[PDB]
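A.B. asks: Take a look at this one; I'll ask things after.
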Amino acid sequence: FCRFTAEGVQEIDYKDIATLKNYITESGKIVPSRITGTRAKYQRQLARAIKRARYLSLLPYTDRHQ
Amino acid sequence: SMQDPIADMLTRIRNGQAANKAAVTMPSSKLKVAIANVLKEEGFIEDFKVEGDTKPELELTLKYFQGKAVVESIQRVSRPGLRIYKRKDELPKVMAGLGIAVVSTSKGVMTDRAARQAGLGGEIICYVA
Amino acid sequence: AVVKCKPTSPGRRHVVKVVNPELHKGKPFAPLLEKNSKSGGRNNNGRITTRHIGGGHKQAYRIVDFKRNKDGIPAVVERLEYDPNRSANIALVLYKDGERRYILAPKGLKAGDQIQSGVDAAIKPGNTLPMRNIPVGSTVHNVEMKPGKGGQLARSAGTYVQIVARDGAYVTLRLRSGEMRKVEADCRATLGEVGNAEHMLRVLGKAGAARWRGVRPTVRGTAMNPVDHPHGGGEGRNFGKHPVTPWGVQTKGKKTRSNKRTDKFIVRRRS
Amino acid sequence: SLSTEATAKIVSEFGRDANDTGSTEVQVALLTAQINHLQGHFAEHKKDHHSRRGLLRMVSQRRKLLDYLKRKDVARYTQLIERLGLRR
Amino acid sequence: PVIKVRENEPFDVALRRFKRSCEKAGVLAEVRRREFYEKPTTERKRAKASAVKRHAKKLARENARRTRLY
Amino acid sequence: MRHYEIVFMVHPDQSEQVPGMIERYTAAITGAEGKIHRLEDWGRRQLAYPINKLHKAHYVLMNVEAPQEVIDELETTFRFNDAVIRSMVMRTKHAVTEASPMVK
RNA sequence: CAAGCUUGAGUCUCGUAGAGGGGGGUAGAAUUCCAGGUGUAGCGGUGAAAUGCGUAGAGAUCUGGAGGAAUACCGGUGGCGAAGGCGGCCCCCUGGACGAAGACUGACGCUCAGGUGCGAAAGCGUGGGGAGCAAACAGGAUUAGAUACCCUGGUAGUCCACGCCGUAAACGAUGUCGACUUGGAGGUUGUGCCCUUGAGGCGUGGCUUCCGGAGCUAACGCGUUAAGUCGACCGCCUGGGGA
Ligand SMILES: [Mg+2]
Ligand SMILES: [Mg+2]
Ligand SMILES: [Mg+2]
Ligand SMILES: [Mg+2]
Ligand SMILES: [Mg+2]
Ligand SMILES: [Mg+2]
Ligand SMILES: [Mg+2]
Ligand SMILES: [Mg+2]
Ligand SMILES: [Mg+2]
Ligand SMILES: [Mg+2]
Ligand SMILES: [Mg+2]
Ligand SMILES: [Mg+2]
Ligand SMILES: [Mg+2]
Ligand SMILES: [Mg+2]
Ligand SMILES: [Mg+2]
Ligand SMILES: [Mg+2]
Ligand SMILES: [Mg+2]
Ligand SMILES: [Mg+2]
Ligand SMILES: [Mg+2]
Ligand SMILES: [Mg+2]
Ligand SMILES: [Mg+2]
Ligand SMILES: [Mg+2]
């Protein structure tokens with residue numbers, strides 16, 4: 001089931017790092033919408049947020065890179 | 001775009017007959033209404049009913065006999081792309097006089113037989129079998 | 001803008017003009033002019049020391065400010081002008097204090113534009129500042145090699161240099177040739193690429209245009225007699241020798257840089 | 001796209017009765033202004049073909065409207081084309 | 001897929017965990033995919049086939065396989 | 001006047017230089033009649049990956065309603081300023097005055 | 001021809017989702033190359049080899065730099081675009097679509113020979129750029145031969161700028177617009193009500209995937225997004241080659 005619909009969020013925040021962390025895997029890759037149960041509308045938003053975080057070094061691009 | 005309302009009406013009727021629909025509704029026109037009246041007179045439809053003031057809707061009650069549709073075949077003759085006008089002696093016979101041809105004459109819309117009786121021709125709207 | 005000539009006559013057929021309507025249709029600023037008499041490629045010994053030079057149209061020398069010294073005082077560009085001496089175009093600028101000078105015109109520079117030399121000078125095309133103050137990666141032209149000497153690198157029509165690195169007292173410059181060169185960080189350089197970029201697209205079209213540019217006809221060595229050139233002689237068209245200068249030095253490939261003094265500045269030779 | 005305020009102003013200018021907004025003339029004016037705005041854009045961005053398509057469509061629509069006006073009432077059309085400064 | 005061997009942990013178990021992590025990553029598969037340049041057309045085609053395959057199998061399961069086999 | 005959202009990372013050695021910078025930025029925004037809705041110094045923070053060989057950076061958030069010219073100017077300043085490593089000006093629909101999740 | 005009307009068509013208000021387009025920045029991963037460290041005899045490659053790179057120190061491994069190109073995951077018979085097509089993130093300029101109520105204009109519409117524009121890839125012109133990939137070309141295999149398939153290389157080209165070219169199985173092999181006619185399972189994008197008592201319930205629009213009824217079709221199949229039932233307009237076909 002989708003977590004964002006129950007909460008009814010207007011927009012997924014890239015600054016909300018912890019929440020994002022639940023939607024990325026051990027290697028830092030974005031978890032598919034099939035696994036998470038997220039709705040497609042929110043999924044893209046989430047992805048965007050993740051990307052933004054990656055750009056701003058809040059989340060890593062990959063688990064390896066140092 | 002919609003270019004032939006009469007033809008559309010006829011198509012609707014045909015579809016109703018096919019799909020075993022009791023009533024068929026469409027935006028009403030004067031010519032359309034006349035055609036409906038003619039059909040009723042000839043006994044191919046049960047009843048016709050115009051309803052509305054701003055945009056009236058003609059509602060036709062379709063006719064079925066022994067589980068099957070009364071209107072077997074229904075084809076436009078004159079059309080916007082190709083207009084058809086016949087003289088009194090040139091008037092066609094649908095199903096060798098059994099079926100009817102709806103004709104817009106000088107003296108109003110009537111069946112082909114009626115036109116022949118009168119002694120005048122005009123625009124042949126459609127054949128109904 | 002490049003303009004191909006209509007072939008109304010042979011010798012006009014192939015001519016491509018660079019037409020710039022932004023150039024000043026009028027006389028150059030007389031105080032910055034001076035006499036510039038022709039050599040004809042001849043030295044103080046009167047001998048031809050460089051072939052293929054001579055004739056051409058009379059040219060007054062524009063006193064271009066390569067040194068670029070007016071620190072803090074901002075200038076405004078009055079007008080861009082034709083300079084016969086160089087491939088680039090020059091610009092008459094007017095300092096707030098009252099002085100007028102010619103500078104090399106950068107790419108995006110036009111009339112009414114404000115320029116500034118100095119340390120505090122803002123990073124924008126036409127502005128001039130020490131290369132330690134210029135951010136790394138920028139396109140820069142009219143680059144000084146020795147601090148205070150005056151711009152010496154990337155002066156020509158559309159040229160520029162990249163500041164690839166800054167390491168201590170030396171900035172590394174990617175010269176237009178492809179050569180990597182260390183130059184002192186305290187050296188002055190003017191932001192942006194030099195202006196007249198489309199200069200290369202022009203074609204002379206006829207021998208006469210070459211002559212006008214003061215260039216005398218080049219005779220092929222192989223055309224000459226053996227006495228005249230190492231390529232000379234032969235019944236018909238012979239050429240059994242390896243290509244050489246008129247003074248018998250290999251011309252295809254033979255490297256001639258001997259300057260061991262400056263070798264330490266050259267990070268990597270051009271390719 | 002055209003800003004709300006500008007559109008409102010246009011409506012005020014060309015509307016025969018208050019903020020009617022639907023008038024042919026009004027519509028034409030709106031289209032015209034948009035076209036004018038886009039000209040600057042297109043001078044800059046020569047290869048913006050998809051956007052250009054929209055502009056062309058707008059132009060066509062405007063032309064159609066003008067034609068309609070012409071057959072309907074000539075004087076009004078003339079007035080409009082004086083106001084907007086279009087050749088035809 | 002970084003794996004850290006914890007205190008009083010067997011080697012075999014750690015290896016298994018690493019393998020699991022690798023599987024999750026889909027790293028080998030990715031490598032296989034990037035071994036040769038697939039034409040975009042081909043990529044599209046494969047995807048389409050996969051889509052067809054899944055749906056058809058589902059159809060076979062739900063609708064066709066609810067009848068007396070014996 | 002368009003609502004933006006500026007977030008910039010500063011070099012950890014230049015951390016005492018940050019408040020002055022912030023003030024300067026605010027001043028510029030004010031100059032062109034621009035509103036500043038929320039301003040959050042996140043402080044020194046450990047990076048997910050090293051950028052230009054460092055592992056920590058000083059994070060600042062700044063939500064601002066202003067014209068675009070001043071934003072452009074700010075961007076230019078950021079690009080030329082060596083102390084600020086990363087900068088992300090982002091268009092927003094609304095004012096968003098509410099506190100960020102990490103401050104919360 | 002004259003006056004009207006609002007259902008077609010369009011305008012306005014507020015939102016909505018979108019790899020729609022153009023321009024400018026930037027980020028991370030990786031390949032390649034360059035400089036240096038560590039280190040020693042192989043590496044690479046294949047069906048098996050060899051050419052090739054290697055004791056002039058390769059491959060491997062770490063550090064630093066350079067540059068070009070493309071954007072893993074998300075990613076989906078998902079979305080947008082007239083079609084071609086479009087995929088990291090950010091900003092600037094910008095086209096279209098849909099819904100929600102209303103308010104307005106009042107047939108302003110549909111189609112379109114000629115005409116004009118856009119139009120994958122490859123190619124051509126001038127100037128840039130050039131990592132990888134790679135026509136051509138070279139060498140090594142394979143083979144009866146191998147001007148191929150496989151391997152080691154590798155130049156145009158691929159990338160950017162502005163021009164040209166105007167073609168593709170440019171395909172849904174299905175011209176465009178409109179109306180009507182049993183259904184089911186989805187996906188996606190709005191929106192109205194309902195105790196959201198919960199991820200829900202009842203609707204109502206837009207776009208879309210599969211299955212299928214009547215009907216149609218030579219059959220295959222198509223089947224409310226028709227290849228059904230009709231209307232309007234255009235393009236095109238007339239045995240196979242030659243062509
Ligand atoms: Mg010479
Ligand atoms: Mg010559
Ligand atoms: Mg010669
Ligand atoms: Mg001779
Ligand atoms: Mg002699
Ligand atoms: Mg001799
Ligand atoms: Mg001879
Ligand atoms: Mg010989
Ligand atoms: Mg828009
Ligand atoms: Mg045509
Ligand atoms: Mg091409
Ligand atoms: Mg080319
Ligand atoms: Mg050249
Ligand atoms: Mg080239
Ligand atoms: Mg190469
Ligand atoms: Mg090959
Ligand atoms: Mg190769
Ligand atoms: Mg064709
Ligand atoms: Mg295609
Ligand atoms: Mg075809
Ligand atoms: Mg059309
Ligand atoms: Mg089907």
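The way I read the labels, and the way they are meant: chains A, B, ... in the order of the structure tokens, residue 1 as the first residue of every chain, and ligand 1 as the first ligand shown, with later ones counted on from there.
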Can you tell me, as an MDAnalysis selection string, what residues are no more than 7 Å from residue 87 in chain F when counting only C-alpha atoms (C1' of nucleotides), ignoring any on the same chain fewer than 5 positions away?
C.D. replies: chainID F and resid 7:9 78
A.B. asks: Could you write out, as number ranges by chain, all the residues of range 6-129 of chain B that DSSP marks as strand (DSSP E or B)?
C.D. replies: B: 23-27, 45-51, 57-62, 64-65, 68-69, 74-76, 79, 82, 85-86, 100-105, 108-111, 122-128
A.B. asks: Based on the selection just made, write C-alpha atoms of those residues as a PDB file, in the first residue's frame.
C.D. replies:
```
ATOM      1  CA  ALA B  23     -36.571   3.865 -27.755  1.00  0.00           C
ATOM      2  CA  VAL B  24     -34.062   5.979 -29.714  1.00  0.00           C
ATOM      3  CA  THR B  25     -33.467   9.662 -28.888  1.00  0.00           C
ATOM      4  CA  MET B  26     -31.824  12.465 -30.930  1.00  0.00           C
ATOM      5  CA  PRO B  27     -31.726  16.303 -31.247  1.00  0.00           C
ATOM      6  CA  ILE B  45     -42.392   2.970 -35.671  1.00  0.00           C
ATOM      7  CA  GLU B  46     -44.829   2.824 -32.730  1.00  0.00           C
ATOM      8  CA  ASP B  47     -44.687   6.498 -31.654  1.00  0.00           C
ATOM      9  CA  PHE B  48     -42.662   9.717 -31.880  1.00  0.00           C
ATOM     10  CA  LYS B  49     -42.315  12.341 -29.132  1.00  0.00           C
ATOM     11  CA  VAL B  50     -40.647  15.776 -29.192  1.00  0.00           C
ATOM     12  CA  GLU B  51     -39.540  17.031 -25.751  1.00  0.00           C
ATOM     13  CA  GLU B  57     -35.111  15.999 -28.342  1.00  0.00           C
ATOM     14  CA  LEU B  58     -37.060  13.710 -30.667  1.00  0.00           C
ATOM     15  CA  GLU B  59     -37.721  10.338 -29.033  1.00  0.00           C
ATOM     16  CA  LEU B  60     -38.777   7.463 -31.270  1.00  0.00           C
ATOM     17  CA  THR B  61     -40.441   4.315 -29.941  1.00  0.00           C
ATOM     18  CA  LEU B  62     -39.183   1.470 -32.135  1.00  0.00           C
ATOM     19  CA  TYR B  64     -40.747  -5.080 -33.145  1.00  0.00           C
ATOM     20  CA  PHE B  65     -42.826  -7.951 -34.540  1.00  0.00           C
ATOM     21  CA  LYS B  68     -37.574  -9.244 -34.750  1.00  0.00           C
ATOM     22  CA  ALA B  69     -37.196  -5.637 -36.010  1.00  0.00           C
ATOM     23  CA  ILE B  74     -33.125   1.887 -44.092  1.00  0.00           C
ATOM     24  CA  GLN B  75     -30.900   3.774 -46.554  1.00  0.00           C
ATOM     25  CA  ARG B  76     -30.487   7.456 -47.464  1.00  0.00           C
ATOM     26  CA  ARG B  79     -27.259  13.065 -49.438  1.00  0.00           C
ATOM     27  CA  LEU B  82     -24.940  13.792 -53.929  1.00  0.00           C
ATOM     28  CA  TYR B  85     -34.366  14.683 -57.335  1.00  0.00           C
ATOM     29  CA  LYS B  86     -36.968  12.652 -59.237  1.00  0.00           C
ATOM     30  CA  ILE B 100     -41.633   2.875 -48.858  1.00  0.00           C
ATOM     31  CA  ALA B 101     -39.615   5.814 -50.186  1.00  0.00           C
ATOM     32  CA  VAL B 102     -39.782   8.991 -48.097  1.00  0.00           C
ATOM     33  CA  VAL B 103     -39.989  11.957 -50.482  1.00  0.00           C
ATOM     34  CA  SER B 104     -39.841  15.690 -49.741  1.00  0.00           C
ATOM     35  CA  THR B 105     -42.353  17.131 -52.203  1.00  0.00           C
ATOM     36  CA  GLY B 108     -44.634  18.551 -47.780  1.00  0.00           C
ATOM     37  CA  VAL B 109     -42.762  15.359 -46.838  1.00  0.00           C
ATOM     38  CA  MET B 110     -44.726  12.202 -47.746  1.00  0.00           C
ATOM     39  CA  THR B 111     -44.359   8.591 -48.970  1.00  0.00           C
ATOM     40  CA  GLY B 122     -39.142  15.999 -55.482  1.00  0.00           C
ATOM     41  CA  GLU B 123     -36.150  15.066 -53.317  1.00  0.00           C
ATOM     42  CA  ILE B 124     -36.103  11.386 -52.321  1.00  0.00           C
ATOM     43  CA  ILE B 125     -34.919  11.440 -48.698  1.00  0.00           C
ATOM     44  CA  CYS B 126     -34.629   7.675 -48.025  1.00  0.00           C
ATOM     45  CA  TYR B 127     -35.691   4.100 -48.801  1.00  0.00           C
ATOM     46  CA  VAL B 128     -37.268   2.078 -45.973  1.00  0.00           C
TER      47      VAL B 128
END
```
A.B. asks: Give me, as a PyMOL selection string, the set of residues whose atoms come within 10 Å of any atom of ligand 12, counting only C-alpha atoms (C1' of nucleotides) and all ligand atoms.
C.D. replies: chain G and resi 123-126+156-157
A.B. asks: Taking only C-alpha atoms (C1' of nucleotides) and all ligand atoms into account, which residues are within 12 Å of ligand 8, as a PyMOL selection string?
C.D. replies: chain C and resi 234-241
A.B. asks: Could you list the residues in chain G lying within 12 Å of chain C, using only C-alpha atoms (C1' of nucleotides), and format the result as a PyMOL selection string?
C.D. replies: chain G and resi 34-35+65-67+126-128+162
A.B. asks: Put those residues in a file: N, CA, C and O atoms (P, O5', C5', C4', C3', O3' and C1' of nucleotides), as a PDB file, in the first residue's frame.
C.D. replies:
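After the write, selection02.pdb holds the following:
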```pdb
ATOM      1  P     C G  34      48.821   7.295 -22.597  1.00  0.00           P
ATOM      2  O5'   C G  34      49.149   8.561 -21.687  1.00  0.00           O
ATOM      3  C5'   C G  34      49.410   9.848 -22.281  1.00  0.00           C
ATOM      4  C4'   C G  34      49.423  10.929 -21.228  1.00  0.00           C
ATOM      5  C3'   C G  34      50.321  10.690 -20.028  1.00  0.00           C
ATOM      6  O3'   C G  34      51.710  10.795 -20.323  1.00  0.00           O
ATOM      7  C1'   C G  34      48.260  11.577 -19.297  1.00  0.00           C
ATOM      8  P     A G  35      52.755   9.785 -19.633  1.00  0.00           P
ATOM      9  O5'   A G  35      52.923  10.398 -18.172  1.00  0.00           O
ATOM     10  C5'   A G  35      53.393  11.750 -17.984  1.00  0.00           C
ATOM     11  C4'   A G  35      53.357  12.134 -16.524  1.00  0.00           C
ATOM     12  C3'   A G  35      53.852  11.084 -15.535  1.00  0.00           C
ATOM     13  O3'   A G  35      55.266  10.932 -15.484  1.00  0.00           O
ATOM     14  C1'   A G  35      51.834  11.998 -14.738  1.00  0.00           C
ATOM     15  P     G G  65      42.243  15.850  -8.886  1.00  0.00           P
ATOM     16  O5'   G G  65      42.705  16.158 -10.379  1.00  0.00           O
ATOM     17  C5'   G G  65      43.517  17.309 -10.669  1.00  0.00           C
ATOM     18  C4'   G G  65      44.182  17.176 -12.017  1.00  0.00           C
ATOM     19  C3'   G G  65      43.260  17.193 -13.223  1.00  0.00           C
ATOM     20  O3'   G G  65      42.771  18.491 -13.534  1.00  0.00           O
ATOM     21  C1'   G G  65      44.859  15.480 -13.491  1.00  0.00           C
ATOM     22  P     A G  66      41.308  18.659 -14.169  1.00  0.00           P
ATOM     23  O5'   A G  66      41.533  18.235 -15.686  1.00  0.00           O
ATOM     24  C5'   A G  66      42.488  18.930 -16.509  1.00  0.00           C
ATOM     25  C4'   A G  66      42.661  18.219 -17.825  1.00  0.00           C
ATOM     26  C3'   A G  66      41.383  17.974 -18.617  1.00  0.00           C
ATOM     27  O3'   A G  66      40.985  19.151 -19.309  1.00  0.00           O
ATOM     28  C1'   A G  66      42.663  15.988 -18.563  1.00  0.00           C
ATOM     29  P     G G  67      39.485  19.715 -19.162  1.00  0.00           P
ATOM     30  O5'   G G  67      38.724  19.024 -20.375  1.00  0.00           O
ATOM     31  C5'   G G  67      39.279  19.071 -21.700  1.00  0.00           C
ATOM     32  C4'   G G  67      38.979  17.789 -22.434  1.00  0.00           C
ATOM     33  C3'   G G  67      37.506  17.452 -22.596  1.00  0.00           C
ATOM     34  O3'   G G  67      36.919  18.195 -23.657  1.00  0.00           O
ATOM     35  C1'   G G  67      38.685  15.529 -21.897  1.00  0.00           C
ATOM     36  P     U G 126      33.794  21.646 -46.977  1.00  0.00           P
ATOM     37  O5'   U G 126      33.655  22.887 -45.989  1.00  0.00           O
ATOM     38  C5'   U G 126      33.653  24.235 -46.497  1.00  0.00           C
ATOM     39  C4'   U G 126      33.433  25.213 -45.374  1.00  0.00           C
ATOM     40  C3'   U G 126      34.214  24.932 -44.103  1.00  0.00           C
ATOM     41  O3'   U G 126      35.572  25.358 -44.157  1.00  0.00           O
ATOM     42  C1'   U G 126      31.968  25.398 -43.550  1.00  0.00           C
ATOM     43  P     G G 127      36.690  24.569 -43.314  1.00  0.00           P
ATOM     44  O5'   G G 127      36.326  24.933 -41.807  1.00  0.00           O
ATOM     45  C5'   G G 127      36.410  26.296 -41.358  1.00  0.00           C
ATOM     46  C4'   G G 127      35.715  26.481 -40.034  1.00  0.00           C
ATOM     47  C3'   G G 127      36.228  25.642 -38.883  1.00  0.00           C
ATOM     48  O3'   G G 127      37.473  26.114 -38.403  1.00  0.00           O
ATOM     49  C1'   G G 127      33.869  25.712 -38.823  1.00  0.00           C
ATOM     50  P     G G 128      38.530  25.080 -37.812  1.00  0.00           P
ATOM     51  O5'   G G 128      38.146  25.051 -36.267  1.00  0.00           O
ATOM     52  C5'   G G 128      37.767  23.828 -35.620  1.00  0.00           C
ATOM     53  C4'   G G 128      36.827  24.118 -34.481  1.00  0.00           C
ATOM     54  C3'   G G 128      36.830  23.071 -33.378  1.00  0.00           C
ATOM     55  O3'   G G 128      37.828  23.355 -32.404  1.00  0.00           O
ATOM     56  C1'   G G 128      34.627  23.347 -34.156  1.00  0.00           C
ATOM     57  P     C G 162      22.293  26.155 -34.267  1.00  0.00           P
ATOM     58  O5'   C G 162      22.198  26.697 -35.758  1.00  0.00           O
ATOM     59  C5'   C G 162      22.515  28.067 -36.035  1.00  0.00           C
ATOM     60  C4'   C G 162      23.150  28.191 -37.392  1.00  0.00           C
ATOM     61  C3'   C G 162      22.335  27.656 -38.554  1.00  0.00           C
ATOM     62  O3'   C G 162      21.329  28.583 -38.937  1.00  0.00           O
ATOM     63  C1'   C G 162      24.607  27.033 -38.794  1.00  0.00           C
TER      64        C G 162
END
```
A.B. asks: Define the interface residues of chain G facing chain B as those within 12 Å, counting only C-alpha atoms (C1' of nucleotides), and report them as a list in words.
C.D. replies: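 Taking only C-alpha atoms (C1' of nucleotides) into account, residues 5, 6, 7, 8, 9, 107, 109, 110, 111, 176, 177, 178, 179, 180, 181, 182, 213, 214, 215, 228, 229, 230, 231, 232 and 233 of chain G sit within 12 Å of chain B.
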A.B. asks: Distance limit 7 Å, reference ligand 1, atoms considered: only C-alpha atoms (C1' of nucleotides) and all ligand atoms. Which residues make the cut? Give them as a ChimeraX atom specification.
C.D. replies: /C:51-52,218
A.B. asks: Identify all chain G residues at most 10 Å from chain E by counting only C-alpha atoms (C1' of nucleotides); ligands do not count. Present them as a PyMOL selection string.
C.D. replies: chain G and resi 72-73+77+133+210-211
A.B. asks: Grab the residues selected above and save them as a PDB file, in the first residue's frame with N, CA and C atoms (P, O5', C5', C4', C3', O3' and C1' of nucleotides).
C.D. replies:
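Final output, again_31.pdb:
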```
ATOM      1  P     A G  72      19.486   6.777 -16.739  1.00  0.00           P
ATOM      2  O5'   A G  72      20.055   5.466 -16.035  1.00  0.00           O
ATOM      3  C5'   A G  72      20.467   4.331 -16.818  1.00  0.00           C
ATOM      4  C4'   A G  72      21.125   3.287 -15.948  1.00  0.00           C
ATOM      5  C3'   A G  72      20.233   2.632 -14.901  1.00  0.00           C
ATOM      6  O3'   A G  72      19.492   1.562 -15.482  1.00  0.00           O
ATOM      7  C1'   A G  72      22.335   3.200 -13.946  1.00  0.00           C
ATOM      8  P     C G  73      17.889   1.577 -15.445  1.00  0.00           P
ATOM      9  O5'   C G  73      17.556   1.600 -13.885  1.00  0.00           O
ATOM     10  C5'   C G  73      17.886   0.489 -13.027  1.00  0.00           C
ATOM     11  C4'   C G  73      17.794   0.895 -11.575  1.00  0.00           C
ATOM     12  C3'   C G  73      16.488   1.545 -11.146  1.00  0.00           C
ATOM     13  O3'   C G  73      15.560   0.525 -10.793  1.00  0.00           O
ATOM     14  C1'   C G  73      18.352   2.724 -10.232  1.00  0.00           C
ATOM     15  P     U G  77       6.151  -2.670 -19.521  1.00  0.00           P
ATOM     16  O5'   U G  77       4.872  -3.553 -19.872  1.00  0.00           O
ATOM     17  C5'   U G  77       3.534  -3.036 -19.703  1.00  0.00           C
ATOM     18  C4'   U G  77       3.166  -2.165 -20.881  1.00  0.00           C
ATOM     19  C3'   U G  77       1.716  -1.710 -20.934  1.00  0.00           C
ATOM     20  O3'   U G  77       1.598  -0.445 -20.291  1.00  0.00           O
ATOM     21  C1'   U G  77       2.343  -2.680 -23.016  1.00  0.00           C
ATOM     22  P     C G 133      35.588   0.961 -27.655  1.00  0.00           P
ATOM     23  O5'   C G 133      34.320   0.913 -28.614  1.00  0.00           O
ATOM     24  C5'   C G 133      33.015   0.536 -28.136  1.00  0.00           C
ATOM     25  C4'   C G 133      31.978   1.060 -29.093  1.00  0.00           C
ATOM     26  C3'   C G 133      32.198   0.657 -30.542  1.00  0.00           C
ATOM     27  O3'   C G 133      31.760  -0.660 -30.853  1.00  0.00           O
ATOM     28  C1'   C G 133      31.724   2.975 -30.423  1.00  0.00           C
ATOM     29  P     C G 210      -2.901  -3.920 -26.732  1.00  0.00           P
ATOM     30  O5'   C G 210      -3.678  -5.044 -25.910  1.00  0.00           O
ATOM     31  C5'   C G 210      -2.977  -6.181 -25.377  1.00  0.00           C
ATOM     32  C4'   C G 210      -3.817  -6.913 -24.357  1.00  0.00           C
ATOM     33  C3'   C G 210      -5.004  -7.693 -24.892  1.00  0.00           C
ATOM     34  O3'   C G 210      -4.621  -8.935 -25.475  1.00  0.00           O
ATOM     35  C1'   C G 210      -5.617  -6.556 -22.900  1.00  0.00           C
ATOM     36  P     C G 211      -5.487  -9.566 -26.676  1.00  0.00           P
ATOM     37  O5'   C G 211      -6.850  -9.981 -25.962  1.00  0.00           O
ATOM     38  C5'   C G 211      -6.886 -11.089 -25.045  1.00  0.00           C
ATOM     39  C4'   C G 211      -8.227 -11.194 -24.359  1.00  0.00           C
ATOM     40  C3'   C G 211      -9.441 -11.406 -25.245  1.00  0.00           C
ATOM     41  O3'   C G 211      -9.550 -12.716 -25.794  1.00  0.00           O
ATOM     42  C1'   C G 211      -9.971  -9.882 -23.510  1.00  0.00           C
TER      43        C G 211
END
```
A.B. asks: Restricting the calculation to only C-alpha atoms: of F:39, F:83, F:57, F:74, which residue gets closest to residue 100 in chain F?
C.D. replies: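 That would be F:39, the residue with the smallest distance to residue 100 in chain F.
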A.B. asks: Between CA of residue 121 in chain B and CA of residue 84 in chain B, what is the distance in Å, rounded to a tenth?
C.D. replies: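 Going from CA of residue 121 in chain B over to CA of residue 84 in chain B covers 11.0 Å.
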A.B. asks: List all protein, DNA and RNA residues that have an atom no more than 9 Å from any atom of ligand 20, counting only C-alpha atoms (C1' of nucleotides) and all ligand atoms, and report them as number ranges by chain.
C.D. replies: G: 169-171, 173
A.B. asks: Store the residues picked out above, limited to C-alpha atoms (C1' of nucleotides), as a PDB file, in the first residue's frame.
C.D. replies:
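What landed in part.pdb:
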```pdb
ATOM      1  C1'   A G 169       8.840  -1.939 -42.485  1.00  0.00           C
ATOM      2  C1'   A G 170       8.306   7.349 -41.522  1.00  0.00           C
ATOM      3  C1'   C G 171       3.811   0.752 -39.294  1.00  0.00           C
ATOM      4  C1'   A G 173       1.555  -1.864 -42.954  1.00  0.00           C
TER       5        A G 173
END
```
A.B. asks: I want to know what sits within 12 Å of residue 2 in chain D, based on only C-alpha atoms (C1' of nucleotides), with residues of the same chain fewer than 6 positions away left out; could you give that as a list in words?
C.D. replies: residues 8, 9, 10, 29, 30, 31, 32, 33, 34, 35, 36, 37 and 38 of chain D; 94 of chain G
A.B. asks: Show me, as a PyMOL selection string, the residues that have an atom within 9 Å of range 41-46 of chain A when counting only C-alpha atoms (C1' of nucleotides), minus same-chain residues fewer than 3 positions from it.
C.D. replies: (chain A and resi 2+4-5+11-14+20+23+32-33+38+49-51) or (chain G and resi 17+74+188-189)
A.B. asks: Output the neighbourhood of ligand 4 as a ChimeraX atom specification, that is, all protein and nucleic acid residues with some atom at most 8 Å from the ligand, counting only C-alpha atoms (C1' of nucleotides) and all ligand atoms.
C.D. replies: /C:223-225,232-233
